[PDB]
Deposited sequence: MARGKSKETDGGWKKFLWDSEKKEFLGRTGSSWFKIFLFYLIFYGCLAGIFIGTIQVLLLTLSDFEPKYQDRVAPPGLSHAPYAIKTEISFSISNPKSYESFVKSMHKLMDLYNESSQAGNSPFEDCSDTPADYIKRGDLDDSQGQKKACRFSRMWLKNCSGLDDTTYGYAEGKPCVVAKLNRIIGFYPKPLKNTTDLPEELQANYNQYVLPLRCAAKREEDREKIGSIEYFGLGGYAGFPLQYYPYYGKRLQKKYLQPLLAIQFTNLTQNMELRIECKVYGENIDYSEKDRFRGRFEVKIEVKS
């Protein structure tokens, strides 16, 4: 043919069939043993998710949400992803004592539902009403950004203690039970308004620790609505929403590590 005879083309096929078969079999074997060394409830390492990220609902083109108030189809892009997240926090979804629970309407302490085991059924998560997110079709003029702290199994987000000075100096300081969030720019031409659980500008500690997808499917993480009703228009405004805490840290490279970078423009 190109290389060999008919008889010799068969022997090379019969070889590479058996050979690659065995190879696939061995490869599969090694994946099996890998899997056998892992837990169903918890990953082997967690140092790479370590300090949690802060993510928002408006799908940022390039960490940016620019649109026109005097246009209908200018914000219809951003409302899609906004609806996508909030559509999940529905009350019809949160039905019966299984698997949901009514918790304190004011921020509370952690809840330990035992260990990362299957020694109980599905661990019961606290309910979250979207009605807690006051003022937020969404904010057609001057947006209503929805913030979220990234889920980490066995993570107990700890707020800073009011020992020395703090940026939002002691204001509404629910020191024991709120992980705070403040948005900033100098360059102060905005209007900060914060909506949460019990009205607080933070994440309530009673939704923690997260027990994982396998032990807590349908679990809901707390949200925080931020509304920028700025008396300004037609310019790029770089606004950083930062979370504060003992377990919360940031990075020069990772610009999402416990913070936002939002480039709002109401170019109407």
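Mapping the modelled residues onto the deposited sequence reveals missing stretches at 1-24, 161-168, 218-222.
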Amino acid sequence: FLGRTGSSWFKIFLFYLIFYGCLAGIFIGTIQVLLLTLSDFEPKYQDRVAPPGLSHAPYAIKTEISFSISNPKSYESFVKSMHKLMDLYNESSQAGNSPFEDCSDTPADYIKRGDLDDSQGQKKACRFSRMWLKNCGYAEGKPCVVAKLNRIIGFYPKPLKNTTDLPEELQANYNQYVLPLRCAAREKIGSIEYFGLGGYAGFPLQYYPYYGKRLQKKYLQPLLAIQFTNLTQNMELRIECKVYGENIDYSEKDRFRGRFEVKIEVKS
From here on, numbers count along this sequence of modelled residues.
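The mean Cα B-factor in the deposited entry runs higher for 161-169 than for the other of 161-169 and 117-125.
Annotation for 63-71 versus 46-54: the higher mean temperature factor (C-alpha) is found in 63-71. Highest CA B-factor among 206, 233, 37, 30, as stated in the entry: 233.
Residues shown: 80, 130, 151, 112. Highest C-alpha temperature factor in the entry: 80. In the PDB entry, a CA B factor belonging to the middle third of its chain's modelled residues is recorded for residue 138.
For residue 220, the recorded CA temperature factor ranks within the lowest third of the chain's modelled residues. Remark: residue 26 belongs to the lowest third of its chain, ranked by C-alpha B-factor as recorded.
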